[PDB]
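Asks: Structure for this input, please:
(chains A, B, C, D and E, ligands or ions: 7)
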Amino acid sequence: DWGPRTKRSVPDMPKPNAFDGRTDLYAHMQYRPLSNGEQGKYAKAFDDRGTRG
Amino acid sequence: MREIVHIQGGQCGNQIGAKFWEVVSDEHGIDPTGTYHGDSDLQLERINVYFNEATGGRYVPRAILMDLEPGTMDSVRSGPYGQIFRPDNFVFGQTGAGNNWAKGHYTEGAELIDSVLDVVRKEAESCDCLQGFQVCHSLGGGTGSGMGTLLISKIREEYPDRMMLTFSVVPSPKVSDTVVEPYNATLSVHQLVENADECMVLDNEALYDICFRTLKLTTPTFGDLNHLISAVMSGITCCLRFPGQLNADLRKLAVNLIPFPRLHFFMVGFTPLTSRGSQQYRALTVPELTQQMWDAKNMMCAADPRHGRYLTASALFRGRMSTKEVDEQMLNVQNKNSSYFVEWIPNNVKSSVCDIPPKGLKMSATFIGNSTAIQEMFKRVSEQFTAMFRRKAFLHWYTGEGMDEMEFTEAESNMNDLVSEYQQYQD
Amino acid sequence: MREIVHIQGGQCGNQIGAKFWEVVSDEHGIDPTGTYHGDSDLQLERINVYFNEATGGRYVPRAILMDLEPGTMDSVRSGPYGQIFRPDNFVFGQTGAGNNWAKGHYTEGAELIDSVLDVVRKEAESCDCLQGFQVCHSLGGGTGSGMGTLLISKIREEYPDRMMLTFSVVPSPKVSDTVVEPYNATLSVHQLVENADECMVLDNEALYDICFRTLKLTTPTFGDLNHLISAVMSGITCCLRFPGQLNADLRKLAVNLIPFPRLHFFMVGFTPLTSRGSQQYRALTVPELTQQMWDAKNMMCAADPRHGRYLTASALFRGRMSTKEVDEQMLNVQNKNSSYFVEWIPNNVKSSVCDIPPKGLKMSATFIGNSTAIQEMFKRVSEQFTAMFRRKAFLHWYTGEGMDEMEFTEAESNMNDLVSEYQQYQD
Amino acid sequence: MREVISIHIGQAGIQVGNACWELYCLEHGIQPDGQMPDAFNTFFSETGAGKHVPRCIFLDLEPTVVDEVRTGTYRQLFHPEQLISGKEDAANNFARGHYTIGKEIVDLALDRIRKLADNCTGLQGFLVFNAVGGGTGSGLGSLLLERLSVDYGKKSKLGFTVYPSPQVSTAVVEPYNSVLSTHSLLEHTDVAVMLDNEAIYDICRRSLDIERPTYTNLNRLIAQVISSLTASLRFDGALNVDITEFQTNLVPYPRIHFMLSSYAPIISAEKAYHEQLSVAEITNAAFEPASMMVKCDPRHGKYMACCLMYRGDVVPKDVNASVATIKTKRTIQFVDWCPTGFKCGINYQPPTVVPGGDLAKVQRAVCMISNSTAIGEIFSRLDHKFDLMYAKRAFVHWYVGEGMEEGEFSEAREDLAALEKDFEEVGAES
Amino acid sequence: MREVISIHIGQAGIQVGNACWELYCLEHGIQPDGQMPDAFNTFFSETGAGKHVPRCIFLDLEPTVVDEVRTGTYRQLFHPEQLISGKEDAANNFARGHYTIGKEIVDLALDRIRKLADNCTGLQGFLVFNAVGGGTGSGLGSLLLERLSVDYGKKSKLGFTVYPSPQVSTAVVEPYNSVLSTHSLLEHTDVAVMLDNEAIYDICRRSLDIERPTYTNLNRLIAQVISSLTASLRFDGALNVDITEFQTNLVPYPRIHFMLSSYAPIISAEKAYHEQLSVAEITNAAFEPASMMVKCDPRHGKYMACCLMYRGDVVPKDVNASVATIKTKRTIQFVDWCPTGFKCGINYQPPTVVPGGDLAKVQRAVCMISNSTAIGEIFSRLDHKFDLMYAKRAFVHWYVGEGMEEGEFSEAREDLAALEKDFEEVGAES
Ligand SMILES: Nc1nc2c(ncn2[C@@H]2O[C@H](COP(=O)(O)OP(=O)(O)OP(=O)(O)O)[C@@H](O)[C@H]2O)c(=O)[nH]1
Ligand SMILES: Nc1nc2c(ncn2[C@@H]2O[C@H](COP(=O)(O)OP(=O)(O)OP(=O)(O)O)[C@@H](O)[C@H]2O)c(=O)[nH]1
Ligand SMILES: Nc1nc2c(ncn2[C@@H]2O[C@H](COP(=O)(O)OP(=O)(O)O)[C@@H](O)[C@H]2O)c(=O)[nH]1
Ligand SMILES: Nc1nc2c(ncn2[C@@H]2O[C@H](COP(=O)(O)OP(=O)(O)O)[C@@H](O)[C@H]2O)c(=O)[nH]1
Ligand SMILES: [Mg+2]
Ligand SMILES: [Mg+2]
Ligand SMILES: [Mg+2]
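Replies: Numbers count the residues shown, from 1 in each chain, chains lettered A, B, ... in the order given. Ligands and ions are numbered 1, 2, ... in the order given. Coordinates below:
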């Protein structure tokens, strides 16, 4: 019954963040364990800004 | 078998409930198509607090999304978990309140109030026991604050024995989003004292700060900010949806947290906020959920709780926990810093434990604090309102839809009256 | 169940203390990942002294890592066993002290001393009952000298009854790694007298002398020198983390070796040291350990023990051994040369035995002496302080940060006062 | 469905409108013939099968600026009755565009605005494009704006007008024609956005490194400002700003309603690779007077209400931190009674680049429309230019002979003299 | 993060910076176009999609030398706005670069500095490059340096300038521009490091055994000093020496901040195989007057502070043994009131060799930058050349007519004379 959706549909907004692709706060709000392929990023860096050193 | 009816207004209200009903849904194990595929029997026991059972296993919420523009519902039309809502419960406008508190309340407000209250009345009679009405809106805006605050005053007239949870966001002190921000805020708090029974104070600047120093995120979107707000709203009614060793419903917090009927502005907090970098190293036990509960950085309000005394506090614990560790940690915070608590009330802390944690977390807890430090927030908005009203700037709009300066002087009078009694109790 | 809060300050403290956490984790059976893999039951019996329990069986150090530059935090974390520390415990600024004591103690330490007290408190009330605080830093720089001693003054006021063990490296007599050592060293030691309760004095070029003629390592880097220091640090709390035949914790070494409250500067030593090609010729007997332990060339400070008398000494023997050999060779080392010992204190030595030896060595001992010959390392700093201060060279950087010249003369007087109390005990 | 009607009046109006609707058809994918191979409802009117009609009219008394639209590459786009021509121009005379030849064509102007308003379902405002220098844009715009307030009350009317520059102007009776226009755009137009040709000459000179700018290059980024102003309707974002939201945030008093304009990223195709475009860089770039689109210096006046409309990859936190860095600067000084001067809007659509254009493809862009007390420098200078020329009755017999009288120069001068008094009185610190 | 802006003023600053950034782009692996095929953040800004721009400005009033960079092999590396030019040069006039023609460009220079300072999150210093022989390097250099002190207070300003040599001089009015620069570079640069063309000529003649070096050969080994001082910020080591550590360890007084420079392993390709490069050998090489990059003998003066910076395979043990032998040498004199003299720093990155350069690939390098009382001979020789020329007012009508007044030549003369007395006072034994 719904009409056509207005105001377009922007692709990829908000952008997936660099320094691992984070589009949600589900990891923090679900306490999921860190994967081994992604643990090294937080091993090297503190914040979500990538590879400063 | 008590129920909560959810009503939302404006840009801010609708985007929260797009995430709020999303967070509630996967706790109960129901898909965005509405069917239930959960693996736990305890989820289906108390569904009626938030959902109507339908034919074929569909579950539709008590969600009444109010707005004056079709833009907000368009996001709800296409956003994730937006197909669960009742299409009949999307009351909409066409003109838009235009960030004007006078347009949403008086002149253009009346054309939709008789229609939005019809949707509320249909849902109110369908469920048997009404614990109360829950609204989530803004205050600095005009669509969800102007139309919302009239809607709260009307629904207290029809249902005066039912409680009123309001989750209203507040103008930030450091930054600003709109220009008529103190105008629409002081007119709403002037009405929010009379009608609403309890208020949770939120603001984006504390949600922005809590995403930085506690979560280590330098790119928080609004959808990141709505998730932390949605965790608080699930924590208030976690006692209704799930069992517990000690039970505290919505009305039990009302007699606890409100000493006098006008002191119903609280500050919120969510305990297990761990960054992903430091996720493994922290442990999950009651003493370290409490140490992040009482931190001033964990509060999602502008007010520093170190400035003002805690008149009454509440804690909504979730998880398999010892009752002593709930009791002793909240007893230690009454002895270690007793200057931050009110002397003439013994045991300012309300505690309750529910045995069902959220999804994934072993333990969680939600904090509600009736602090007198909230007067710092109300003073700043009243400070901005007197600065702009004495020049009568931006006032030729509000007088255009049928307002005179009598209630503008009345709004500052009640604003100065409610902040006066906070500082009287602090001495 | 007696625990120690570790603090690391500056580039020297972070690099030394990183080496400290392999030598104590290896003897506690903690892998570089963070889990437990030790084959002995005695290791996990006392692990709360240094380590905090975490989820999944993980163990994290109770180490607040503190400096003013982000370079050393990245270097410490990138090395082996550098991933065991919490990212929350990496407290740091952005400017950098730059070998300036005034920038560390007053200007740029003030914006960070609130952050480092927040986390050293969080590691204090989390654990059961504090044995004391342990800090490792340098007296030549400004990051670990100024902002390090500011933490000691703050933490001594907050926790006045707890113990305070400091490992500080002191400027060399012969060479000079920086240009403003005696300005940094005189100001730091003057703060270190009243605040700290113990000070294990170290010198880098006593360590080079150790690594050259005894260990026969022709290319010693800082990995070598910190490894010798870290073995001594494991030797002090060896009887805490493991059972012993004769018991001696950190406070047992306090009352035995501190005759007077300002007479609390010690110097260290590690006895089982032999070059790699000469290991077969040494028989690990108790008299073999004692002749190296009391030798001048083994001691890790620049002070020569033969120049002054020994006020009080201590030997912390480790391994399975007979306790009368812990007795007569401590008696015979007093009877053979009694001129090198203080007459008015009888039995100037204290002995202790821990039955769990370190990894790879079956017989070891860490020597803690209190010789009046430690006035030599203080007076060679004092003669360099008086040379530069009388011409006021390199002073405008210090007085450009709010430090008047009055407290330079105040620190000079205490250095001349502390060499005055040492001088009257050798007569 | 939301909708806004744009009327294009005078020689500046069509030449902006050719640049305006060129930017509009590339955003929605509509080809110049009118065929798209759900958000076009803001500007385009769907008719038949696969045909989109612009919701605009070209009203000009001189036919030789409209006929090039009727024979160019946009023949199949416009409705031929929307293109309204006339026998002869007003010839930069306010009296001709308002009294003699203006009344003979404004009846046909309302005939199609009513047709455009009847086809509209939900109307939010009007766009008007004119230049007060020429009597078609000045007089007929004054006649149409006065009639529209009578015909369509209480609706928004966005004034995109062009004013004479201090040092630069291409007509002689421009001091005469601007002052008489200010009697109408004061009391009828609710939001007026000043534009100035020499400031955009300077903007194209340094930021876009074009040594020889033309009227095509100026109007192309005029189209960028208006498209950024109304991108909130067409696309979705974090913080939408509607037309009536835009009007109550920046108009504190019913006569203090003139606002500035600033588009921050103007970068070349070769400087785009070397600039690190972030939301902190562009926000500081917008408040720079180099990026100001009107030849006025905002340091003299006080900023009073500002809106910042962001397009593209703008995340909501650092934009809220970017505003805080602007507030800390002593150079950007706000008025005392307004502690909340900023409005914020974020849209997720990056700005389109026209093929063969001069602007480069950027992932972030902000357009600032700000109300300031430094706009009194615009009016007072044009007041001095009128007062010197009127003192010896220069170019009066042209104006008087075409229906006017001498009494309308005194009323328009007194009305503009009240604005300079009003700007000083409002901006005074108490 | 750590960052530093390197400004280059004058023609001599350009070929220095042309020789620096060709070594900087090689040391971080940045290709000439500007794309790398975490340590680059000290000097390069990450821009968009894998592009880096130098944190530098090339300002010079003469448009010839800057346009050589625009058409050179690094036309894609630099941002086109950073290569700032002018209409005409100061032309060996401190009058023109500081008063008349320098004002028109110093405002544009500070604007881009504000753009670069805003981009960097932590600024550790400003590297200023100039020569006091020319008008642009001295006049415009002093105007930018005075403005940078007020706008960015309490920040280190690292001064790398070239004074005229005792024998070789390529201009006549070099005594005039040197004295006027000395009044300004004294009170504005926190730390200044001298370079002299005569000593670099002798270094290439004796060490690199090239018979006829040019400025290209000069500036390549100048840049090898430049990278060695900033070597701690970009690559890790046992003993880091930051820019803020560099100042507070070397200057005992604010008015004595002129320091020498040296580089140890200056060995050609054919002679590198025969030489045994140890830490002990090259430390003895660095203290020789032949390795001094400024034409003065340190044996006449007394060293007050030294800062050795090491790169490559250097253990912290033998650097202490090498310093001990240096201290026990009797021809190397230290001032009596500074027993602790050496600031030691060891970076682990070996020096990079540029293709076509005369320098050989060496495992270890030492750059010694030391304050000394032997620099008092520089200011006396430039004073004696200035006192002779100013005695009967030669080459003064150029300076007086272009803004300057006669009396302030004596003010710079007295300021330089006080610098002569201060070096004699600080070296006197107590
Ligand atoms: N930015 C911009 N300004 C224009 C353009 N065309 C004309 N103008 C301005 O308009 C002024 C001339 O007045 P107009 O309103 O255009 O004259 P007109 O519209 O032809 O009115 P009539 O001559 O009576 O027909 C000049 O001073 C220009 O500044 C244009 O294409 N772009
Ligand atoms: N080391 C070094 N010095 C140079 C170089 N080029 C010029 N100089 C020095 O610069 C001095 C003269 O100043 P210039 O740099 O040539 O010219 P300027 O300072 O830009 O002043 P204007 O010519 O008026 O613009 C001479 O005494 C040289 O010693 C160079 O490539 N390397
Ligand atoms: N948490 C959150 N707050 C929002 C969002 N959108 C707007 N706001 C807040 O809403 C306030 C403006 O009110 P507004 O949205 O105009 O209210 P409305 O007129 O009723 O729609 C600002 O202070 C914003 O911080 C959102 O998506 N999430
Ligand atoms: N034992 C040891 N000493 C070091 C090390 N690194 C530096 N030092 C000493 O620290 C002194 C310099 O102090 P500095 O590192 O600047 O201290 P900071 O200012 O706190 O960072 C030198 O005299 C060195 O002897 C190390 O890895 N081990
Ligand atoms: Mg009950
Ligand atoms: Mg015309
Ligand atoms: Mg030149």
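Asks: Look up the closest residue to residue 2, ignoring the ones flanking it.
Replies: I'll assume chain A. Nearest residue to residue A:2 in three dimensions, chain neighbours excluded: residue B:77, at 6.5 Å (CB to CB, 6 or more residues apart in numbering or on different chains). To be clear about C-beta, it is placed using only N, CA and C from the backbone, and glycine gets the same treatment.
Asks: my bad, chain B
Replies: Among residues not flanking residue B:2 along the chain, residue B:131 sits closest, at 4.0 Å (CB to CB, 6+ apart).
Asks: Spell out which parts of chain A neighbour chain D.
Replies: Selection of chain A residues close to chain D by CB under 8 Å from any CB of the partner chain yields A:4, A:5, A:6, A:7, A:8, A:9, A:10, A:13, A:14, A:15.
Asks: so what's residue D:137 up against?
Replies: D:9, D:10, D:11, D:12, D:13, D:97, D:130, D:131, D:161, D:162 (CB atoms under 8 Å, 6 or more residues apart in numbering or on different chains).
Asks: Out of the residues you listed, which is nearest to ligand 4?
Replies: Comparing the contacts of residue D:137 against ligand 4 with CB to the nearest ligand atom places residue D:162 closest, at 62.3 Å.
Asks: Residues in a beta bridge with the closest one, which ones?
Replies: Beta bridges link residue D:162 to residue D:131, residue D:195, judged by DSSP bridges.
Asks: wait, it sits on residue D:132?
Replies: Yes: Residue D:162 is in contact with residue D:132 according to CB atoms under 8 Å; the separation is 7.2 Å.
Asks: and the two? which has more neighbours close in?
Replies: The neighbour comparison of residue D:162 against residue D:132 (other CB atoms under 10 Å in any protein chain shown) goes to residue D:132, with 28 against 25.
Asks: out of everything not next to it in sequence, what's closest to that one?
Replies: That would be residue D:181: by CB to CB, 6+ apart, it lies 4.0 Å from residue D:132.
Asks: Tell me who's in contact with that neighbour.
Replies: Contacts of residue D:181 (CB under 8 Å, 6+ apart): D:94, D:132, D:138, D:139, D:141, D:142, D:161.
Asks: cool, and residue D:311?
Replies: Counted by CB under 8 Å, 6+ apart, residue D:311 has contacts D:228, D:231, D:347, D:349, D:350, D:351, D:364, D:365, D:366, D:367.
Asks: Spatially nearest residue to the first one (excluding sequence neighbours)?
Replies: By that I understand residue D:228. Nearest residue to residue D:228, sequence neighbours excluded (CB to CB, 6+ apart): residue D:367, at 3.9 Å.
Asks: How far does the strand or helix carrying the one you found sit from its chain's centre?
Replies: Using DSSP states H and E, residue D:367 maps to strand D:364-372. Distance of strand D:364-372 from its chain centroid, counting by CA atoms, centre = their mean, to the nearest Å, is 13 Å.
Asks: which residue does the stretch 101-250 of chain D bring closest to chain B?
Replies: Nearest to chain B in the stretch 101-250 of chain D, going by CB to the nearest CB, is residue D:244, at a distance of 3.3 Å.
Asks: how about the strands in chain B?
Replies: Ranges of strands in chain B, per DSSP state E, are B:2-9, B:51-53, B:59-61, B:63-66, B:129-137, B:163-169, B:198-202, B:265-270, B:310-319, B:349-354, B:363-371.
Asks: Next, format these as JSON lines and append mean neighbour count and distance to residue B:336.
Replies: Formatted as JSON lines, these follow (neighbours: other CB atoms under 10 Å in any protein chain shown; distance: least, CB to CB, whole Å):
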{"stretch": "strand B:2-9", "mean neighbour count": "24", "distance to residue B:336": "36"}
{"stretch": "strand B:51-53", "mean neighbour count": "16", "distance to residue B:336": "43"}
{"stretch": "strand B:59-61", "mean neighbour count": "19", "distance to residue B:336": "42"}
{"stretch": "strand B:63-66", "mean neighbour count": "26", "distance to residue B:336": "43"}
{"stretch": "strand B:129-137", "mean neighbour count": "22", "distance to residue B:336": "35"}
{"stretch": "strand B:163-169", "mean neighbour count": "24", "distance to residue B:336": "31"}
{"stretch": "strand B:198-202", "mean neighbour count": "23", "distance to residue B:336": "26"}
{"stretch": "strand B:265-270", "mean neighbour count": "26", "distance to residue B:336": "18"}
{"stretch": "strand B:310-319", "mean neighbour count": "25", "distance to residue B:336": "13"}
{"stretch": "strand B:349-354", "mean neighbour count": "22", "distance to residue B:336": "13"}
{"stretch": "strand B:363-371", "mean neighbour count": "24", "distance to residue B:336": "17"}
